[PDB]
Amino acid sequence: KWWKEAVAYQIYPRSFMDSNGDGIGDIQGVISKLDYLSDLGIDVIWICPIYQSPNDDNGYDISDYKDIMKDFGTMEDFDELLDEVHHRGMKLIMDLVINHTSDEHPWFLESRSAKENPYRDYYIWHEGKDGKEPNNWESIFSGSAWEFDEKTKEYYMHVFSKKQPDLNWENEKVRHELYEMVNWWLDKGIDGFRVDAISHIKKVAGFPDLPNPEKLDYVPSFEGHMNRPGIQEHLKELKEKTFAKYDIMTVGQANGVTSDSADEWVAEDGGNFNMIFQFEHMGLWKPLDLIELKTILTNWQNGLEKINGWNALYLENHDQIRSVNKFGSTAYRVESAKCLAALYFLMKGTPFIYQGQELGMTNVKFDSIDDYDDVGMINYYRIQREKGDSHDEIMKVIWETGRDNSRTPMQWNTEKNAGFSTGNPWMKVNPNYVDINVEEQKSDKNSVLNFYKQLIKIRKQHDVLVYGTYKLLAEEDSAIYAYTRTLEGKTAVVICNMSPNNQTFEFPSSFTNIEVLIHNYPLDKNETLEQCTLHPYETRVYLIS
């Protein structure tokens, strides 16, 4: 329940704050900015992986689950971070990455050392077929999902990068070691987990070839490992052996789950997580099809209400482009950032703010593939360029869809590197930091940052915005996304002009009192309540008694 009322903030530590001048964010950097997060009103901090890692996938390739990444500091630094977070009235959830390890993890170093050894079946090994890979599956990061090991003459599976071999969840030995490791972290007093790639742990037994109608070199392989039948047996055991023993919050990153199939994931009785990140609204690749977005988010609002589930509300993370670009407008950056904020944040669920979302940070356009880092897009570039795609064609995909857009340094001020670092940042700062930065937004009462501050405040002050039932209004309006939250004798009306144009809208009205809780445009003195004349990306929230 505390997690129902929480507002969460997601830190990408490599890009949050560099405290010692090597261009890489670190834990002491996070500590130095906890005032910022406390003042914002954040309740829960989710920090991306901070464990020992070769950083082939920036922390998601872990070589020691119980040791801190050298780039980020030491276990003392972590203990200090957790102690400071907890003394400032906040909680911290860690990133739990147990679909795969680094290929430099001691388990894998042993697993690959000999065809027979005690760790061989900790991972997924198979001999080739027809002198090629065991099957035609493609890695999510492009290329084959199998990597050949010359020494033992077999392939190992990697859904993600070649340096992220998948763990074998069919091996009871593996599961036992993972549960011990999870509880070791929970025994330290962390407040839960965001659970990485968790819908990928069940592979179709025997790893059969997938249909290949377009005769590709490798076949996108989601039907072989994403949310496959049999996964719930493993997730139920994970919950029983770890999470259920502690008063924590869990949010599973669960691609491949739909609003109709969310029951076993988040239902109040028997769900294996408190909430999940679902992906149905994040793949609508021009004028946004607003009504399609209404349909998806409404499906999840209504769907989880019926099974007493809880939604995780978000538009940004370290795997997506920036939401102004994805859902708003760079022609109305500040206005659409605030409009999007009210839109997603005030639905029923637990809202997550990704670092820089509260500033209206936007996508970046670097010309050189060497300026980027994302293993997925570097791989994509190589494979597609050999296939004849031009540099411009590939950079368009990277610019418009690549997750590096969300990994540029946090923009603190207008000093060198936006104040993120005294050194040369591991990823270049967006040049628009001269216009978009924390320092400037603190002093502007109409900044995106202070709009998020107000959103957090009104959600905390009005129970209807936490527990109120959601209802979509004006479904057929292709520009206005409007909805209500209803609880006892209070109704909140959220009105978002999700368009770059002025629009008219009849107030969807039965009240003894009306109060405007938040608005991103000055109120027009002559304007009547009944006939809204909304500016581009104007949002208003009314509270009705």
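When you see a residue number, it is the position in the sequence shown, counting from 1.
The entry shows a gap from residue 509 to residue 510, with 1 to 3 unmodelled residues of the deposited sequence in between. Coordinates are absent for 4 to 9 residues of the deposited sequence placed between residue 285 and residue 286. In this entry, 129 to 137 has the higher mean Cα B-factor, the comparison being between 68 to 76 and 129 to 137. Looking at mean Cα B-factors across 146 to 154 and 446 to 454, the upper value is held by 146 to 154. The residue among 160, 366, 354, 345 whose C-alpha atom has the highest B-factor in the PDB entry is 366. Residue set 172, 316, 84, 95: peak C-alpha B-factor at 172 (per PDB entry).
For residue 534, the recorded CA B-factor ranks within the lowest third of the chain. Only modelled residues enter the ranking.
When all modelled residues of the chain are sorted by CA temperature factor, residue 1 is found within the highest third. In the PDB entry, a CA B factor belonging to the lowest third of its chain's modelled residues is recorded for residue 60. Sort the modelled residues of the chain by CA B factor and residue 359 lands in the lowest third. Sorting the modelled residues of the chain by their CA temperature factor places residue 115 in the highest third.
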